[PDB]
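Below is one structure; the comments refer to it alone.
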Amino acid sequence: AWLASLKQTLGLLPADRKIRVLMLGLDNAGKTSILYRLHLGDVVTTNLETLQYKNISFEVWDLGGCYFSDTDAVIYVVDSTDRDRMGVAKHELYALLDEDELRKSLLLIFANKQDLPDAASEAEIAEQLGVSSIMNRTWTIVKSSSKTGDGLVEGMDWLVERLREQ
Amino acid sequence: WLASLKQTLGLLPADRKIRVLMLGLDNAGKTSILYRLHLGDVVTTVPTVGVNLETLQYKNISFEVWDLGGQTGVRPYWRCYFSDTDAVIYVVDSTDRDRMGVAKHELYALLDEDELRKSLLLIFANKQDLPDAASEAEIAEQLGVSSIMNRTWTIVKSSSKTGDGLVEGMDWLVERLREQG
Ligand SMILES: Nc1nc2c(ncn2[C@@H]2O[C@H](COP(=O)(O)OP(=O)(O)O)[C@@H](O)[C@H]2O)c(=O)[nH]1
Ligand SMILES: Nc1nc2c(ncn2[C@@H]2O[C@H](COP(=O)(O)OP(=O)(O)O)[C@@H](O)[C@H]2O)c(=O)[nH]1
Ligand SMILES: [Mg+2]
Ligand SMILES: [Mg+2]
């Protein structure tokens with residue numbers, strides 16, 4: 001669907017200018033699946049998963065079960081099906097954004113698992129994550145699905161063009 | 001030295017987690033000290049591309065080892081990595097006079113970190129089993145220890161071949177920790 005592949009998209013970032021992206025969310029949000037769905041190389045476990053591609057680093061841990069310096073973006077992943085864990089996803093998101101080391105990070109939310117029938121819309125997610133009153137930072141929500149692969153490149157294209165803009 | 005190592009280390013307040021960094025140039029004997037301590041498994045991880053980090057965890061006390069003063073590469077770095085350090089044990093190979101100025105240089109570049117403000121500093125003048133090992137006062141002079149500031153520090157002669165001085169060192173650290181009340 002999207003007009004360019006992911007590698008063309010990420011191709012656009014200054015071929016060197018190290019990019020650090022934290023992709024965080026509650027367990028079962030679908031973060032390991034997106035890492036895999038990106039088809040960018042393999043995931044290193046260390047608990048923590050990292051995917052390095054050219055200049056760009058992706059680091060993943062689960063929330064709600066220092067490290068934040070020099071972060072260019074936060075990808076926040078939510079399971080759009082999981083109604084009653086979504087208030088906890090909101091809390092953990094708010095915990096992240098009160099971090100001083102993160103004050104200039106872009107925020108991309110993936111409203112995820114949008115292939116499923118129970119899947120809230122972007123406005124239900126923005127309302128639930130109470131994003132719609134975050135006005136001190138550049139953010140968006142994009143509907144996504146690791147089972148399709150849908151939303152993912154759009155979301156990364158968002159990040160790439162916001163990163164170049166600065 | 002009187003006590004065994006375990007006895008020495010048991011003296012530490014159990015509900016106080018202790019982070020130690022054991023650092024210095026390659027070939028100082030760092031890895032060998034971790035095995036010579038007979039405290040259990042040495043675990044290797046890679047917290048960043050191009051860094052071999054060895055960790056030995058015993059009760060509340062953790063030892064971290066990586067090599068400094070690579071001729072190639074920037075100084076090994078990763079996020080945090082100096083945060084909540086209780087002590088640094090700086091290990092020198094007491095026979096490597098040739099590299100002793102570089103060992104000073106890397107000691108000095110550790111000591112200018114605030115994350116390492118009030119760390120205890122134990123210097124192990126290591127490999128003393130070897131007849132060509134420099135004196136304790138000779139080491140002090142070559143590491144320019146007289147310019148060291150604002151820290152509880154000492155130099156202890158040590159060897160992994162014989163195990164000598166190690167308990168002395170751990171005991172120094174252990175009691176200095178407690179002196180902090
Ligand atoms: N329907 C659907 N299921 C997904 C999707 N992504 C992940 N899953 C399933 O969600 C569960 C949690 O996924 P995982 O990637 O390990 O989440 P993690 O805890 O954030 O690392 C697994 O059963 C996945 O198969 C998705 O996009 N759509
Ligand atoms: N003679 C002697 N050799 C030592 C001593 N400690 C380590 N070695 C040896 O010195 C070399 C490197 O020691 P090692 O523990 O790998 O140093 P590291 O590079 O700081 O981790 C190897 O040949 C070790 O077996 C020691 O106390 N006396
Ligand atoms: Mg996972
Ligand atoms: Mg070693």
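By convention in this document, the chains of the structure tokens carry letters A, B, ... by their order, each chain's residues are numbered from 1, and ligands are numbered from 1 in the order they are shown.
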- request: Kindly provide, as a PyMOL selection string, all nucleotide and amino acid residues lying within 10 Å of ligand 4, counting only C-alpha atoms and all ligand atoms.
  value: chain B and resi 23-34+52-54+65-67
File dump, residues just selected, C-alpha atoms, as a PDB file, in the first residue's frame:
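Full text of out03.pdb as output:
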ATOM      1  CA  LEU B  23      38.905  -1.725  35.271  1.00  0.00           C
ATOM      2  CA  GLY B  24      42.310  -1.067  33.711  1.00  0.00           C
ATOM      3  CA  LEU B  25      44.305  -1.915  30.595  1.00  0.00           C
ATOM      4  CA  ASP B  26      44.033  -5.218  28.828  1.00  0.00           C
ATOM      5  CA  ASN B  27      46.407  -7.765  30.232  1.00  0.00           C
ATOM      6  CA  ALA B  28      46.321  -6.302  33.775  1.00  0.00           C
ATOM      7  CA  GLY B  29      44.815  -9.558  35.121  1.00  0.00           C
ATOM      8  CA  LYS B  30      41.228  -8.399  35.529  1.00  0.00           C
ATOM      9  CA  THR B  31      39.483 -11.514  34.283  1.00  0.00           C
ATOM     10  CA  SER B  32      41.886 -13.678  36.256  1.00  0.00           C
ATOM     11  CA  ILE B  33      41.047 -11.878  39.473  1.00  0.00           C
ATOM     12  CA  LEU B  34      37.306 -12.608  38.940  1.00  0.00           C
ATOM     13  CA  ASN B  52      33.187  -7.547  26.223  1.00  0.00           C
ATOM     14  CA  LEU B  53      31.724  -6.944  29.762  1.00  0.00           C
ATOM     15  CA  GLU B  54      32.379  -9.558  32.397  1.00  0.00           C
ATOM     16  CA  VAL B  65      35.082  -5.787  34.181  1.00  0.00           C
ATOM     17  CA  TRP B  66      36.016  -4.275  30.845  1.00  0.00           C
ATOM     18  CA  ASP B  67      39.253  -3.182  29.289  1.00  0.00           C
TER      19      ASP B  67
END
- request: Using only C-alpha atoms, find the residues of chain A whose closest atom to chain B is at most 12 Å away, then write them as JSON, numbers by chain.
  value: {"A": [44, 45, 46, 48, 49, 50, 52, 57, 66, 67, 68, 69, 70, 71]}
At a cut-off of 9 Å, can you tabulate as JSON lines every residue of chain A near ligand 3 together with its closest atom pair and the distance in Å to one decimal, using only C-alpha atoms and all ligand atoms and ordering rows by chain then number?
{"residue": "A:27", "atom": "CA", "partner": "ligand 3", "partner_atom_place_in_ligand_line": "1 (Mg)", "distance": 6.7}
{"residue": "A:28", "atom": "CA", "partner": "ligand 3", "partner_atom_place_in_ligand_line": "1 (Mg)", "distance": 7.3}
{"residue": "A:29", "atom": "CA", "partner": "ligand 3", "partner_atom_place_in_ligand_line": "1 (Mg)", "distance": 8.4}
{"residue": "A:30", "atom": "CA", "partner": "ligand 3", "partner_atom_place_in_ligand_line": "1 (Mg)", "distance": 7.1}
{"residue": "A:31", "atom": "CA", "partner": "ligand 3", "partner_atom_place_in_ligand_line": "1 (Mg)", "distance": 5.8}
{"residue": "A:32", "atom": "CA", "partner": "ligand 3", "partner_atom_place_in_ligand_line": "1 (Mg)", "distance": 4.3}
{"residue": "A:33", "atom": "CA", "partner": "ligand 3", "partner_atom_place_in_ligand_line": "1 (Mg)", "distance": 7.5}
{"residue": "A:47", "atom": "CA", "partner": "ligand 3", "partner_atom_place_in_ligand_line": "1 (Mg)", "distance": 8.8}
{"residue": "A:48", "atom": "CA", "partner": "ligand 3", "partner_atom_place_in_ligand_line": "1 (Mg)", "distance": 8.2}
{"residue": "A:49", "atom": "CA", "partner": "ligand 3", "partner_atom_place_in_ligand_line": "1 (Mg)", "distance": 7.3}
{"residue": "A:60", "atom": "CA", "partner": "ligand 3", "partner_atom_place_in_ligand_line": "1 (Mg)", "distance": 7.4}
{"residue": "A:61", "atom": "CA", "partner": "ligand 3", "partner_atom_place_in_ligand_line": "1 (Mg)", "distance": 7.0}
{"residue": "A:62", "atom": "CA", "partner": "ligand 3", "partner_atom_place_in_ligand_line": "1 (Mg)", "distance": 7.1}
- prompt: Could you list, as a VMD selection string, all the residues within 12 Å of ligand 1, counting only C-alpha atoms and all ligand atoms?
  reply: chain A and resid 23 to 37 43 45 47 to 50 59 to 65 75 to 82 89 110 to 119 143 to 152
task: Mind checking which residues fall within 9 Å of region 99-106 of chain B, counting only C-alpha atoms, ignoring those fewer than 3 positions away in the same chain, and posting them as number ranges by chain?
output: B: 24-25, 68-69, 91-94, 96, 109-111, 139, 142-145
- prompt: Got a sec: who's within 9 Å of residue 37 (chain B), counting only C-alpha atoms, leaving out chain neighbours fewer than 2 positions off, as a PyMOL selection string?
  reply: chain B and resi 5+32-35+39-40+160+163+166-167
Output for the residues just chosen: C-alpha atoms as a PDB file, in the first residue's frame:
ATOM      1  CA  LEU B   5      37.087 -14.125  51.160  1.00  0.00           C
ATOM      2  CA  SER B  32      41.886 -13.678  36.256  1.00  0.00           C
ATOM      3  CA  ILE B  33      41.047 -11.878  39.473  1.00  0.00           C
ATOM      4  CA  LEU B  34      37.306 -12.608  38.940  1.00  0.00           C
ATOM      5  CA  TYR B  35      38.123 -16.342  38.683  1.00  0.00           C
ATOM      6  CA  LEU B  39      32.842 -16.721  44.013  1.00  0.00           C
ATOM      7  CA  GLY B  40      31.027 -18.415  41.111  1.00  0.00           C
ATOM      8  CA  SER B 160      46.099 -14.076  40.725  1.00  0.00           C
ATOM      9  CA  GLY B 163      45.815 -15.300  45.241  1.00  0.00           C
ATOM     10  CA  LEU B 166      43.137 -10.030  47.121  1.00  0.00           C
ATOM     11  CA  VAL B 167      41.464 -10.620  50.493  1.00  0.00           C
TER      12      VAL B 167
END
- request: In Å, rounded to a single decimal, give me how far CA of residue 4 (chain A) is from CA of residue 164 (chain A).
  value: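 Answer for the CA of residue 164 (chain A) to CA of residue 4 (chain A) separation: 17.3 Å.
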message: What's around residue 105 (chain A) at 8 Å? Count only C-alpha atoms, leave out sequence neighbours fewer than 4 positions away in its own chain, and write the answer as a ChimeraX atom specification.
response: /A:71-74,137-138
query: DSSP on the backbone: what in chain A comes out strand (DSSP E or B), as a count of residues only?
result: 41
